[PDB]
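J.: Sequence and experimental coordinates follow.
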Amino acid sequence: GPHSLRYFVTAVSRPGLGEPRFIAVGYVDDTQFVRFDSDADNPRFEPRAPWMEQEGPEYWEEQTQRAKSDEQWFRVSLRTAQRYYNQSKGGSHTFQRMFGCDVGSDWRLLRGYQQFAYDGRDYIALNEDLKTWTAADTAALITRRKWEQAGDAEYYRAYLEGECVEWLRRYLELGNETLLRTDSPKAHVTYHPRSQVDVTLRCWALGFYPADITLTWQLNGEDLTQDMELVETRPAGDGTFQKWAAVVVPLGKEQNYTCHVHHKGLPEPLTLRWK
Amino acid sequence: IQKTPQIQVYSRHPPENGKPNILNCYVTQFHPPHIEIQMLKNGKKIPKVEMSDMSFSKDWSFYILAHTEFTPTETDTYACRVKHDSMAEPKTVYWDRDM
Amino acid sequence: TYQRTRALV
């Protein structure tokens, strides 16, 4: 590996618009493979990767049933949290759920995640020991008492150790030709005449995977990653990503700056100079 | 609270006049999840736009992506109009061939 | 594989 399996579940209340919207997206590494959307026609988990369709109906049945369960679970938890905060009933609120798991190359659990957030803010989160809970406030404190009373930790701690992993190993095989791949980034530096003395140089990183990558500018050893114009790595749509960094520099000094690309697919970081 | 949406507008491949390509609009770091992304062509709304599933990042901020089929020319303009509570007015961002 | 939440907040 190392590899990871993640599910990002979202639930937002709709005051006077009917029941709340429940969305669930599942990922492996930086690739999306499953989804559930209450606002869809005939809600049910569906594959989003070609290699997921290689799964039987029973897999799909079960998955859907759980998503449907959590749809109820969230309607209530959302009404519950509403009271906890003494908020009014005509306001919409967001409840987020994160869970999944990181695995080492030994294919054994390495890190487990089960956390919650209300209205965009940390609410309650399992700790690394997988036996304790970290409540963000007094309201989340009554939730920890409940969840410990039911020994929920145990079950989740059990899920991460077994399920997510066993299934991760599987998803990885089914989608090996696209999950195991590594597309190196294709870099170049564009010249953009700024003023009469400056020029905006920009080196791009295209077609790479995993999403993780390092783009930097340097001036005679000097690291300028604070004076850089750096975007947030972005998806191209075909399963790979792009990104770029830009620096403003003087005329006739363009050659004095280098661009350094670091990625998993490159056996040795790239470097680029203009002219 | 309310995080302002970050919007990047860019094509899938390096553009070439007349050659079919794909325009994307990546909206990130916004909250709440309520959001309205609209891709446009020459001021007009392009109907055949598709959305990736809504999802957030570790820091909890949501992110989504819009895309569509398009054959770029020297005359047509493209843009992504995004409306979100964190803002007063809808924010629009035109695609730049060099961005 | 998706996992159900258990107890409620």
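T.: Sure, I can see it. Numbers count the residues shown, from 1 in each chain, chains lettered A, B, ... in the order given.
J.: Domains in chain A, by residue range?
T.: A:1-181, A:182-272 (curated CATH domains).
J.: which residues touch residue 5?
T.: The chain I'm using is chain A. A:26-28, A:100-101, A:103, A:164-165, A:167-168, A:171 (C-beta atoms under 8 Å, 6 or more residues apart in numbering or on different chains). The way it works is simple: take the backbone N, C-alpha and C, and place the C-beta from them, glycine included.
J.: Switch to chain C, please.
T.: A:69-70, A:73-74, A:77, A:97.
J.: a strand runs through residue A:177, doesn't it?
T.: No - using DSSP: H, G, I helix; E, B strand; the rest coil, the assignment for residue A:177 is helix, not a strand.
J.: can you count the residues close to it?
T.: 9 (other C-beta atoms under 10 Å in any protein chain shown).
J.: Not counting residues beside it along the chain, what's closest to it?
T.: residue A:51 (7.9 Å; C-beta to C-beta, 6 or more residues apart in numbering or on different chains).
J.: if we can go back for a sec, tell me which of the contacts of residue C:5 fall in strands.
T.: residue A:97 (DSSP state E).
J.: Tell me the one of the contacts of residue C:5 nearest chain B?
T.: residue A:97 (9.9 Å; C-beta to the nearest C-beta).
J.: Count the neighbours of the closest residue to the closest one other than its chain neighbours for me.
T.: Nearest residue to residue A:97, sequence neighbours excluded (C-beta to C-beta, 6+ apart): residue A:9, at 4.0 Å. If you count neighbours by other C-beta under 10 Å, residue A:9 ends up with 24.
J.: isn't residue A:9 right up against residue A:70?
T.: Yes - if you go by C-beta atoms under 8 Å, residue A:9 and residue A:70 touch, sitting 6.7 Å apart.
J.: where do the contact lists of the two overlap?
T.: Joint contacts of residue A:9 and residue A:70 (C-beta under 8 Å, 6+ apart) are A:22, A:24, A:97.
J.: Kindly state the beta-bridge partners for residue B:26.
T.: Assessed by DSSP bridges, residue B:26 has beta-bridge partners residue B:8, residue B:65.
J.: returning to what we had before: please give the three-state secondary structure assignment for the residue nearest to residue A:177.
T.: Under three-state DSSP, residue A:51 comes out as helix.
J.: for residue A:259, same thing?
T.: Applying three-state DSSP: residue A:259 is strand.
J.: how much space between it and chain B?
T.: 16 Å (C-beta to the nearest C-beta, to the nearest Å).
J.: just residue A:260 next, same as before
T.: Note on residue A:260: its distance to chain B, by C-beta to the nearest C-beta, is 21 Å.
J.: touching chain A at all, stretch B:38-48?
T.: No - judged by C-beta under 8 Å from any C-beta of the partner chain, stretch B:38-48 and chain A are separated, with a smallest distance of 12.9 Å.
J.: can you list contacts of that stretch?
T.: Against stretch B:38-48 from outside (C-beta under 8 Å, 6+ apart): B:23, B:25, B:49, B:66-70, B:76-82, B:92.
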